[PDB]
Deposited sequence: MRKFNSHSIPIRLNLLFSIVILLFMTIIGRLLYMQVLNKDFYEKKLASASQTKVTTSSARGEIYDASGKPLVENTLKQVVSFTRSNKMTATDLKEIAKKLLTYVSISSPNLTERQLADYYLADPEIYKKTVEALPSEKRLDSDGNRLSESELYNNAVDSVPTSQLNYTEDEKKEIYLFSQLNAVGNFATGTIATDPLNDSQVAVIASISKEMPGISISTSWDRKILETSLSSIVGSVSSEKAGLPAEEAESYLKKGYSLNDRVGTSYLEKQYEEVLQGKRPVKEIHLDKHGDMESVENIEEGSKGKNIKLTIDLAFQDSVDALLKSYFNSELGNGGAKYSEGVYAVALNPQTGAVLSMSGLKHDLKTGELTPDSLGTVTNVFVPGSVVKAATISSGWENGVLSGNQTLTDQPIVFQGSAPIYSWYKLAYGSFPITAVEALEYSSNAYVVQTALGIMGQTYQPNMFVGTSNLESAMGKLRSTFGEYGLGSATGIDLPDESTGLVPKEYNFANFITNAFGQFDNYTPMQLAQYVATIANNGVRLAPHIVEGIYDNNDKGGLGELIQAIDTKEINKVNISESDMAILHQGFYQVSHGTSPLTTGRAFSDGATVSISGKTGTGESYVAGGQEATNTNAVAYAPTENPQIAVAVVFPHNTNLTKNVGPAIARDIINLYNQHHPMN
């Protein structure tokens, strides 16, 4: 006979881009129980109550199955209760349901019952921790001195997993405690996949996403038995090792300095009143060549208490009206659906349809009606250009005061949203976290909604989606999954960050369906937004004190997207600052610029 047993190892750890740890495996001293196939329930009760002399059990919360187990532990009682009923394993379960768990146990009794439950829970030949009230150093060394009196019992060392205080703590996630073994919701997934029931696993964010990587490789043994089933031999099969480590793409120092910037700007805008009803401000920076996440920062402003709190996860979980940043995706949809040809000229004019208020741009009537190319539409943030484009996806040509036919409305809204999805606006980003919001995208809508969607006043998107969108433009239409993890690494001698096992490779999701020369038109528009010399140029704030050439688009909402350097992009950034009523200066582009300059300082680009 041979019975094989699996024990757990140490979890791999999480490091920022410069090698600073984000978590900690901390060593404790613990009462351990190693169970033998030969211990009766009575042998367990004798061990539990010898142990109670040495430990403290103050908070005893017994489940009725635990109470029925302890009760049945008496051999005679177990017989008598089966005798009294209407496959041994089936009869245990049957006898179990038969006893009224309103038995009478003194409070001291309850404590041995608690201890028993702990011992009983341990598999044959397995080793599990016996939870007790914390043990000081002397209490421990008395147990160490008489533990030989108690079969199976010994002192040894275990782990707690701790998250260090850092600006990336929210994103690290948590791990299940030794006490609360596996999560019960997924209990079946994990036993199946291979795990034991007391395993410590990732339950949120990175710890969960990279659980397969972080989980220690287990020691495995086979115990050899004599003809009676008595342990004879301990033959090992696999020796265990610490889990592997992941190194993030984010540098703490960079992330810290973005957090400070957002906090600096948001308080200023509260200072002058512009941010009074704003829910907060969010920024995500990405490397457009690889999808690497440079930082994901968020500051939440509570509209009831006024309090400000860090909200990095807001970047992947909360949604916002995106405003005018999205105008390049609408033009793209115009090219895809045969509405627009190259850098086509349209008339900028108010758009007047039967049944709705006339549509204007930020400049209203100030320059009358005038011709405008696709580049200039982006430069000026023309609503006329994109509203005429959308009507054209619906198969129609604009004439003032037209009654609009809606037979092609669903078809049209689908084509628009499909292009938007090509840029990650309204679709999954691919980011390496368990659960991202994919936006607020209403399945019920009318014609006015379709039209407003075209200039970014209908569907709501997350800040991560808005970064992937500008990064896609910056990477010439090849949209890349954002990834917070940079590589998986081995452990070194001492157990810290060792050497590269495997880098996380760049992942292409799709290629936007527009020609190379169309994409060059978008690039010229974003460039003129920040370099133009018209009274209608919207984005010169991008270039004001810019240390590299910046291209971008401006966004009630003060949103902004940008990349740099223009000629060879190494950073793409989205800034989302909702319901800022400041009409005298727009801080969106200035935040975007200052994040770009911060990065250039930190990782020179040129």
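Undergrad: What residue ranges of the deposited sequence are absent from the coordinates?
TA: 1-49, 136-148, 618-629 are the stretches of the deposited chain that have no C-alpha coordinates in the structure.
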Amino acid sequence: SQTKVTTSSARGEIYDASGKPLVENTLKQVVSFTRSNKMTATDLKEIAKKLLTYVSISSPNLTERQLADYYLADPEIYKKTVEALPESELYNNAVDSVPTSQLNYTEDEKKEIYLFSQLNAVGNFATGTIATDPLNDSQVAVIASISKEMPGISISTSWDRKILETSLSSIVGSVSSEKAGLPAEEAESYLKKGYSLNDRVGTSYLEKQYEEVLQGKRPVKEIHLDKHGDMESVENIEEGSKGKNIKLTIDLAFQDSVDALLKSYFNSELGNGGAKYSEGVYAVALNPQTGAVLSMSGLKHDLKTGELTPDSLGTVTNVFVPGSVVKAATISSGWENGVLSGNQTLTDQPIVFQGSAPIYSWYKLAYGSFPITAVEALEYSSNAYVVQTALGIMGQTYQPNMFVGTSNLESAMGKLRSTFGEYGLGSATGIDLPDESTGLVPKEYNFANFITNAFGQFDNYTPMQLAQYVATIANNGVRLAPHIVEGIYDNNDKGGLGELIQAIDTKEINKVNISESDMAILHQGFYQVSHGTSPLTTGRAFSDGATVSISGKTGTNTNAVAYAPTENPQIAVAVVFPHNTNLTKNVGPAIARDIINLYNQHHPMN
From here on, numbers count along this sequence of modelled residues.
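Undergrad: Going by the mean C-alpha B-factor recorded in the entry, which is higher: 577-585 or 546-554?
TA: Between 546-554 and 577-585, it is 577-585 that shows the higher mean C-alpha B-factor.
Undergrad: Test of understanding: from the entry's C-alpha B-factors, which stretch has the higher mean, 311-319 or 356-364?
TA: Here the higher of the two C-alpha B-factor means belongs to 356-364.
Undergrad: Looking at 125, 210, 450, 403, which one carries the largest C-alpha B-factor according to the PDB entry?
TA: Reading the PDB entry, the winner on C-alpha B-factor is 403.
Undergrad: Would you mind checking which of 423, 78, 385, 265 has the top Cα temperature factor in the PDB entry?
TA: The record points to 78.
Undergrad: Could you tell me which third, lowest, middle or highest, the C-alpha B-factor of residue 147 occupies within its chain?
TA: Answer is middle: the recorded C-alpha B-factor places it there.
Undergrad: Report the third (lowest, middle or highest) to which the CA temperature factor of residue 62 belongs, ranking only the modelled residues of the same chain.
TA: Answer is highest: the recorded C-alpha B-factor places it there.
Undergrad: C-alpha B factor of residue 173, ranked within the chain: lowest, middle or highest third?
TA: According to the entry, residue 173 has a C-alpha B-factor in the chain's lowest third.
Undergrad: Taking the C-alpha B-factors as the PDB entry records them, is residue 9 in the lowest, middle or highest third of its chain?
TA: Its C-alpha B-factor, which the entry lists for residue 9, ranks in the highest third among residues of this chain.
Undergrad: Please rank the C-alpha B-factors of the chain's modelled residues and tell me whether residue 198 sits in the lowest, middle or highest third.
TA: Within its chain, residue 198 is a highest-third residue by C-alpha B-factor, going by the deposited values.
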